[PDB]
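A.B. asks: Here is the sequence, then the experimental structure:
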Amino acid sequence: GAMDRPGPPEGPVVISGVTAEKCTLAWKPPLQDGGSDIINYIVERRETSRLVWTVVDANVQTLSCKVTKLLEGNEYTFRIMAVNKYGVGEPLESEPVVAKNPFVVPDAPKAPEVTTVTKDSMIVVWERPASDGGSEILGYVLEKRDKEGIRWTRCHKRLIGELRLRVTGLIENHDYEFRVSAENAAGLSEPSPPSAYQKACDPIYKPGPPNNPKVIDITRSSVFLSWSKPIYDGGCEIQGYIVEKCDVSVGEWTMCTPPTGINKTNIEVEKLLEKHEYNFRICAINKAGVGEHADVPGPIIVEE
């Protein structure tokens, strides 16, 4: 048919790479070229307050254009026209875009730390950005890796909204290392360095004091003591008890057992000085160590 100028560029204008000084536009060719091929495109800009369109590039041989010399804080709208041998077609106008610098993802956090461990769980804790640089952190992603495993795995879906997570579902006696990432509106940070490997196992602690230490009977040179298992065994097996004596005139706590201890809740302390006055301490032994002493009630006079 008869020939004329091209149709408008097609499609939504797509704006990308927006900073405070530049941005990038892309469009698609017009559906109709008017009967002659499109020679070049014309890209124009107009700050929203202004009336005059200003030329960005009058000879764009591309479906994209890099706009520069933009000005921080100003809002712009952009225009694209197709040109052929018979003239300039109707424009394709973009949506308004403000020249802002983009938001940035947070910095990689510092390495997390494990605190409380069971055979199946670990509490992991980490720090906020030391200073509130405008990260605007929304939450965290905690990852774990088994020492006998290949890849890092998430300990949870979506985000952790605090500085801590009790990670469960851990395999007893496996060793795990942790790393944490921080996410803001811009996206996910690079991960932190890893924690040191920790083994999933129940901790053991020194035992508590022996229970109900008491005197049973007294002779001319001996004292009979008795007690019961400590209420708190330290998650560990009581393997023995240490008994100590003190002369109240002297004040030096001497031993009444080998350091190994005694495997009974009773003892007969013998060869004690007659009519002297004593105090007695009893201690429990774990694989972890010797726990707190329990003092026998009052001082005792060795008599009959």
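C.D. replies: Nice, I can see it. Numbers count the residues shown, from 1 in each chain.
A.B. asks: from what I can see residue 97 touches residue 74, true?
C.D. replies: No: distance between residue 97 and residue 74: 9.8 Å, which falls outside the contact criterion (C-beta atoms under 8 Å). To be clear about C-beta, it is placed using only N, CA and C from the backbone, and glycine gets the same treatment.
A.B. asks: Settle it for me: which of the two has more neighbours?
C.D. replies: Set side by side, residue 97 and residue 74 show unequal neighbour counts under other C-beta atoms under 10 Å, the larger going to residue 97 at 20 against 15.
A.B. asks: If you drop the residues flanking it in sequence, what lies closest to that one?
C.D. replies: residue 15 (5.0 Å; C-beta to C-beta, 6 or more residues apart in numbering).
A.B. asks: by contact count, what packs against the host helix or strand of residue 246?
C.D. replies: Residue 246 belongs to strand 240-247 when elements are defined using DSSP states H and E. Packed against strand 240-247 by the contact rule (3 or more C-beta pairs under 8 Å, 6 or more residues apart in numbering; DSSP states H and E) you find strand 253-255, strand 266-269, strand 277-285.
A.B. asks: one step back: which helix or which strand is home to the residue nearest to residue 97?
C.D. replies: For residue 15, the host element (DSSP H and E) is strand 10-16.
A.B. asks: from the chain's centre, how far out does that strand sit?
C.D. replies: Relative to its chain's centre, strand 10-16 lies at 40 Å (C-alpha atoms, centre = their mean, to the nearest Å).
A.B. asks: could I have it exported to PDB, CA atoms only?
C.D. replies: Extracted C-alpha coordinates of strand 10-16, given in PDB (Å, rounded to 0.1, in the frame of the first residue of the first chain):
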ATOM      1  CA  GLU A  10       6.100  -1.500  21.200                       C
ATOM      2  CA  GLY A  11       5.900  -2.900  24.600                       C
ATOM      3  CA  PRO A  12       6.300  -1.400  28.000                       C
ATOM      4  CA  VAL A  13       9.600   0.600  28.300                       C
ATOM      5  CA  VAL A  14      11.700  -1.400  30.800                       C
ATOM      6  CA  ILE A  15      14.000   0.700  33.000                       C
ATOM      7  CA  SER A  16      17.000  -0.900  34.600                       C
END
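A.B. asks: neighbouring strands for that strand, and are they parallel or not?
C.D. replies: The pairing partners recorded for strand 10-16 under DSSP bridges are strand 23-28 (antiparallel).
A.B. asks: Between strand 10-16 and the helix or strand immediately after the strand it pairs with in the chain, find me the angle.
C.D. replies: Proceeding C-terminally, strand 23-28 gives way to strand 40-47 as the next helix or strand, assigned by DSSP H and E. When axes from the mean of the first three to the mean of the last three C-alpha atoms, to 10 degrees is applied, the directions of strand 40-47 and strand 10-16 differ by 60 degrees.
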